[PDB]
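Letters are used for the chains, namely A, B, C, D, E, F, G, H, I and J, taken in the order the chains are written, and counting of residues starts over at 1 for each.
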Amino acid sequence: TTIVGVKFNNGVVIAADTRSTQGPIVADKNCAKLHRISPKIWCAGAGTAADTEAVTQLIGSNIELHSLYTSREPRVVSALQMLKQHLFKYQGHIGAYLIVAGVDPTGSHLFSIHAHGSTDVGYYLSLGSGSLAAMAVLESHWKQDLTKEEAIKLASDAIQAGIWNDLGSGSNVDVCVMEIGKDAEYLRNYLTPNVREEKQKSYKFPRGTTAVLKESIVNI
Amino acid sequence: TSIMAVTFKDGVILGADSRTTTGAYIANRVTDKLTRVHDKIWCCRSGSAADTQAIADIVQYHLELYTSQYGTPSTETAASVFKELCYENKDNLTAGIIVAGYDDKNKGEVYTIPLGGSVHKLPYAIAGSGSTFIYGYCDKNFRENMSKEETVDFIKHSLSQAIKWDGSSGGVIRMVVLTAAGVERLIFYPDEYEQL
Amino acid sequence: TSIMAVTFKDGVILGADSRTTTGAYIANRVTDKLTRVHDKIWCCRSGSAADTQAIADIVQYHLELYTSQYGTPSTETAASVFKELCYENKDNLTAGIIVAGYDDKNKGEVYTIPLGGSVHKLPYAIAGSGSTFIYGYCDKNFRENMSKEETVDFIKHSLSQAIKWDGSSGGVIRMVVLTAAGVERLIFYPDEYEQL
Amino acid sequence: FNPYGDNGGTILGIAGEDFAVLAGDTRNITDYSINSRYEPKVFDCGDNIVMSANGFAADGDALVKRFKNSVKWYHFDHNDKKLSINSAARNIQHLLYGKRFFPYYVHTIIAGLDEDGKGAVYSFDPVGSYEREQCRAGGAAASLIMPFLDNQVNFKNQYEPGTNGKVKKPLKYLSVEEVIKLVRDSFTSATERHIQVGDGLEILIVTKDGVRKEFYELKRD
Amino acid sequence: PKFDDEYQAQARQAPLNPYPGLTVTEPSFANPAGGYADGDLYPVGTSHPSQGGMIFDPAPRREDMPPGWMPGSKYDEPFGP
Amino acid sequence: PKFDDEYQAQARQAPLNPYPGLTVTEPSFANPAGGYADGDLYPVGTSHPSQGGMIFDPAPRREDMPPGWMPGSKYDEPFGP
Amino acid sequence: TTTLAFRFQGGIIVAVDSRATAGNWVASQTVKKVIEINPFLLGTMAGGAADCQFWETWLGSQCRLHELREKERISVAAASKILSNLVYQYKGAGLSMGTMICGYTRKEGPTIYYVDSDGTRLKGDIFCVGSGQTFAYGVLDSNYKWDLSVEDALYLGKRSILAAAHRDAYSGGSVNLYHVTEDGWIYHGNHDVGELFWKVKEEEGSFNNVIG
Amino acid sequence: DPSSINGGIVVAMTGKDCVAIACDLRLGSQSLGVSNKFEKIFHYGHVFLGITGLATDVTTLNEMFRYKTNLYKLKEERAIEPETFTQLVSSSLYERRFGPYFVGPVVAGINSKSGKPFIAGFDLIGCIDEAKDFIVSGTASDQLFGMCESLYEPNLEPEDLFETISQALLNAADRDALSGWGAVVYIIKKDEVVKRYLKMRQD
Amino acid sequence: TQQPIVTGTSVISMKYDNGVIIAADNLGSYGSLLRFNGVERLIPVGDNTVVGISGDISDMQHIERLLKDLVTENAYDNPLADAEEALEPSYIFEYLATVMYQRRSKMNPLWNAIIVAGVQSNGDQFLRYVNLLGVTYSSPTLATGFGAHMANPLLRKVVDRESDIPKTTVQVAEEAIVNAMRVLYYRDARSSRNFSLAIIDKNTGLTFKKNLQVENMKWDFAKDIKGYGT
Amino acid sequence: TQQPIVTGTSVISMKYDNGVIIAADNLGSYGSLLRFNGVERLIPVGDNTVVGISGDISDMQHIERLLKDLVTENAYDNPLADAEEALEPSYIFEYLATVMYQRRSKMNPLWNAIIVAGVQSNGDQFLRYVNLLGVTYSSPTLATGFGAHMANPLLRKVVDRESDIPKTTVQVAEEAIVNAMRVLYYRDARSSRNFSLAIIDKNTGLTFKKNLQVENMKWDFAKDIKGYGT
């Protein structure tokens, strides 16, 4: 996994790759790793994948309930508080590491959460097995008050560095742009550098190749 | 980590490094370790980040409730709450905390709560893995009732050596100056404090 | 233990504490940790006492034979012998050693051999469990070409802080002054260096 | 001190009439880091034989060097005569089993033409145990590569249509070009589904005309 | 001198049950260790007196893995190296 | 922060043979490791398929006694507690 | 692995499967599990492929030295004793071997010696070795007779290996049969289980629980 | 290892407008094969769930999902869709996060409204793994991954889909020690389901 | 040696159109204690070779002594040793790799990772990596320790494949190396501000820029961070 | 407390003809680091009782809070609390021992060794020991930690049996305590030069001499040692 967040002059952009691996096998080539906690709060996680999915789903449900209750747009810090308290309650046994980025009436926020409940503020963050490769690019090229275009380019290129230089990271780049004044822009497969090599031959078999003992029709 | 609170003539100056390591990797090089638990009470965190942050949030809750129900707490009340939380959960918790605050009657106060969970009032306190390298320096250079600038320079030199010698300490040196005038954030960058 | 060696204008001053402990018990409180491997070459023992004493005897044998066959060795020859013996048996051995000596062509020289068995020339070296507490003090107070009295006071203050903070360090502070004039034993008692 | 590692490489030997093919990826690995994009691990061994010692890279280098020394000494003694594939197989077996209790953790494959001119592939376990095979994958992606090669090269589980599973599809020879196409497709699949494969595919062809090397690009992500 | 892992991201876990939940594999149940006078009940002193195949080839232990790890679950290292 | 033990006085000594010299109690001989292919050699993969009476009374472990200690020999603690 | 060898009026029948496995991954299905020591002596490897293959190939060289020196073939007892002593001297070193030394000698008749990693050496009339040995025994002991015809003995060995291949995960592949005669050993070919199973089900009518 | 003690295989593929899910029939305990008729494919209305892993958990989850899907059918008056069933399975698996069932389930079906083929996989604790091409689980997961990757191509007709999935399962099972003893392939269509038993090696 | 006590963290290197550039910091760390700051971990072995070493510092000094002995013994009875039949980078690397693998086999490993960089007499750049296990490989860019993760992507962005080497000039490669040092200083806790850089060029020979400083650090954004959460 | 972290080394005490003397150093050690030097480990609980505590400092402060609460609760609805039905040393010790044993049985011990010294209202000296396990005993002289080995023999030389108590005066007992503290400073690595001393006398009440100094140290013989062996 390669995840990065990047705050820029008017918002924050979070990006991730799409390869999903069980052991050394690529279970899914186009796994979507960016999750909505709210329309303008987005997160991407590492560690135990199932725990990240469950905790983000729980926090999103609770946050939408609270937004309806208070009749206010969710704060990113509210999600941070609830998420880290839940993570702490289990003393790290849920093993969810997250980068949560979003926009709320108080500004644009970028945080990270670790399985044990610790959190950090940041201007640029990285996570996952490709965290170091992406962080190298983020250190080399990040600057104060990036424009939206520069921010997208920088985050995309850090994710590309993780893709090229890490085994557990590959395929396509997902990008989500949260900006202060307007809606979040989710860019599914923003970059698609890993196109599929063509088959040398079509390996379709002639019909009847397989041997069949019985055939039946099932009353569903 | 290298955190350091020093009482002085007008109050107390709390300072810390900004590096957070996870193994040899520096997962965050500009983190701010000084935490405002109340208007004139600032704790500082050493040990497990999760434990320290949970303790800090619980203490903020307790002290806000105390302020609303019984009037403003003193530094001693805050450190006592830290004591109860750290001690009654000492098996689970692994947090060592410095609590520094300014009270009009007491002026500047500093309490240190080592990993074991005890309370100690000290004129100055140093904590974190990087403080071991400056126990001699701070002991041999500290003075009672220093001036503000003298205290700032003292903390600057002490944390400069702590950063020099500890691989897990580094980054900018941030300080909070607690005094009757208010609270002042200070920041000193590597090219400044490393050329002392 | 708190070992220290400091080169100065007229030579090198080698110093150490006298406390030896087996756990919390002070098995020997007046031990002498400075060893004369050669006429103007003195080593300090740190780590395992048995390993350090065996290495010291082997090095004395080798350097005596070197003196008889090839003329007087330098500090570097002595420390090289230390290095080979420590490295070729680094798995069995657990000894860190400081080697200090005076030769007219080089004046005072100091080499330190940490637990890994590497060789480093340094203007001054501190070793032992108590050195960790005086890295910052020594770094900020050391100066090139100190006078004999300045060096003696510097070592006195450094070892005083190391003894203050380390439970495994204590007793009298002993120093050996290596210079063209000769070798001078110096001893400073707790009531002398603790009231600094 | 753990004296072993895994550098994540895959090799593939296929034999048939008139030729033998030994292919392997050039990717080199340590944990999840790519050490180099192009480190050949299939070698033209001379005497019309091709060798690979995929697995732990250091042991592969050591075993290859030892085999080079042994074959050169064979040339020194037996008047510079050509070494046969079976003789090389026995030599490598004795090399491997000479360290029975501290094995070379490499899965070796040698491919070439036997004394009858028919393609031959010998494959070894880390301890020895060489078996002549018609095709044999090895390395990280052996389990991914090999079943497809069974299906295509040997037509296992394939029956002539209309015979209702009674008549198998006959095992007609694959030409060298068709074997190259199968190897390319199999390594493309292994690259696409295995994280340790996808930098570059190198193929060595053995035939009476001599050893012939071909190189193909992979995804490299 | 250790390297002061503040986030506990490098934190790693009776011996741990390799397959949590299943009590049939709990060490305390697989090896209950009898009772104090078992030696007097049974004359012996005791009531009760591999996957490797033919070809040699070169899962993790929970004790050496982070607490959030579940054997056989999809896991992504938060930082890797 | 640990205390210095310059003399190695408190220094304490694969698992240790409980009774040195006797190979019959050697851990590598009492519990030998199985063959790499024993799974293929035997069906289930295995070549093979107390003290205290009625009264509850309430030896040292060679792995925490000093190197010079011989189990069952006369030993006087050199430094006391 | 499954290997069996049983004496009968016509000599010895040696049958073995072909599958070799490394964990769940089936490494190969065409492993030759009979090492041919000499035209009258036959090794039957099981357990660890490397150990058996290497040490019985070495036993072949020892046998060759034996004929060269003494002008008469190594007896089955002598070869099995050499192998037993060798395997014993590496006991505890990790050898994984199960070996039936089947041979014929004028002064011994047909003879089978079971040898394995733990140093045992057993003379016997029937032996089954490998992970599938119990399934092969279930058939041999229920059908074996001394006076079986050569065709019936071959079929019995084939069927006994087939049963173990069916019921044991590590014993599939193909059945290789050898007949150790008075004048040598005869290799009666290779039978693939994927076809032998259906042929046997049709002809015997057994395996009635298997769909088809 | 609970997930490898019994073995078994499951593979799902998507045609142009049909899905195919297939499994091996072996049930055993490591070496010994016990039964050749342990069918790991279960259906709840028009959605098919294949479960590999510890057989006790396979049966337990079959019963649990029968119960839950029957209640869904009754109180909703409609069959549970493949997407909703996927969410139900994921939520039920995570409920045992610290005591999890040792199963790899695989959902396959066609949404009754959109008519769009749907397949999804999971881990022991409910990590949904949705894919547009094919899903794989069991002891022979890697063999099946490689085989399906080599053979699969988009928009297969039901007949070619059957041939592709059957060949992938057969060749994958022939290289897995703990899998085999026949296989069953379901070809699922918007109006009918065809179940077929494959002839293969019985070792 | 079974455990490294005093260690040098990382070395990086890349090959450009006319030679190889290699750099390493001068800090040897005793655990988390940044104890020795004057260590030199780039070991010239000629006008055409420099050896970068990481890991245990004592084993590094042993390896340096081995290289000195190689240079000494090559000149024995070798009248041409100063211009041809001199020690190539390939010979140095092969000897080092043999020694490292042998030590590994005897279960007494040198806990070092060694990058031998130079240019052969035919002008072809030599750049190979060898570690304690005897694992060897070559690449247009090589790095050790945290460099393999942090720095190596940055260098690969410059020369991603063998086709990019002739396109890379001295200045581009040196800027890449210095930026990699700055990044490693930022993110590697074992790293130091001071580092040495050596350039071997097929035309101008070995240039050895010692005690360089990490410059153009960016810290002014740290003033806006206000702790965890709020 | 599964393990102690910050600890106070030892407490020594003895009873004399008219009361009891108790002393303890003011140093709390964090491992081998002599971290905190201003710790008070003698806890007066009245004019007739002093509680000396060793072991974990946090548990010591918890026990001190327990004793303050004991006094406060005793004062409730007790008009005689100041003169009779005041807390005797025996009541304090029994409460502490009960608490310690309950903690031990709950597998959450208070990692302290406590000596409760005082005089009963009838004038009989009270001096008892209790540790984390709940083990309690009484003796004319008591000590904790290294005091149980180094100091306790010296005190026993003065009062070896109950018959010697009336023969022992204030000066003799106090000199014995000071000499024992000096010896502990000599030989105990966890000890400190500063120590507190409390005297409870049946006639003159509690005297509490804080921050005393170890004096008359003998070091001048150290000059005559020049090495090991030769």
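General remarks:
Note that contacts are C-beta pairs under 8 Å (C-beta built on N, C-alpha and C of every residue); 3 or more make two chains touch, one makes a residue touch a chain.
Listed by chain with UniProt protein names: A = Proteasome subunit beta type-2; B, C = Proteasome subunit beta type-1; D = Proteasome subunit beta type-6; G = Proteasome subunit beta type-5; H = Proteasome subunit beta type-3; I, J = Proteasome subunit beta type-7.
At the chain E-chain F interface, residue numbers used by both copies make up over half of all numbers present, so the two copies contact each other through mostly the same positions.
The chain closest to the protein's centre is E, with centres computed as averages of CA atoms.
Taking each chain's centre as the mean of its C-alpha atoms, chain E lies 21 Å from chain F. We define each chain's centre as the mean of its Cα atoms; on that basis chain B and chain C are separated by 37 Å. Averaged C-alpha coordinates put the centre of chain C at 41 Å from the centre of chain F. Counting partner chains per residue, chain G has residues 1, 19, 21, 23, 25, 28, 31, 47-51, 94, 131, 168, 170, 211-212 touching two or more of them. Residue positions of chain F with contacts to 2 or more other chains are 1, 3-4, 36-40, 43, 45. Each of residues 21, 23-25, 129, 132-133, 164-165, 167-168 in chain C touches at least two other chains. By the touch criterion stated above, chain G contacts chain D in their complex at residues 25, 28, 30-32, 48-51, 53-54, 93-94. Within the complex formed with chain D, the residues of chain I that make contact are 2, 97, 101, 104-105, 107, 109, 129, 133-139, 148-149, 152, 161-162.
Those residues of chain A that touch chain H in the complex are listed here as 20, 22, 25-28, 30-31, 48-51, 53-54, 93-94, 199, 202-207, 209-218, 220.
The residues of chain B lying in touch with chain I in their complex are 18-19, 21, 23-26, 29-36, 49, 53, 129, 133, 164-168, 170-172, 174, 185, 187, 189-191.
Chain contact summary for the complex, chain C toward chain I: residues 87, 90-91, 114-120, 132.
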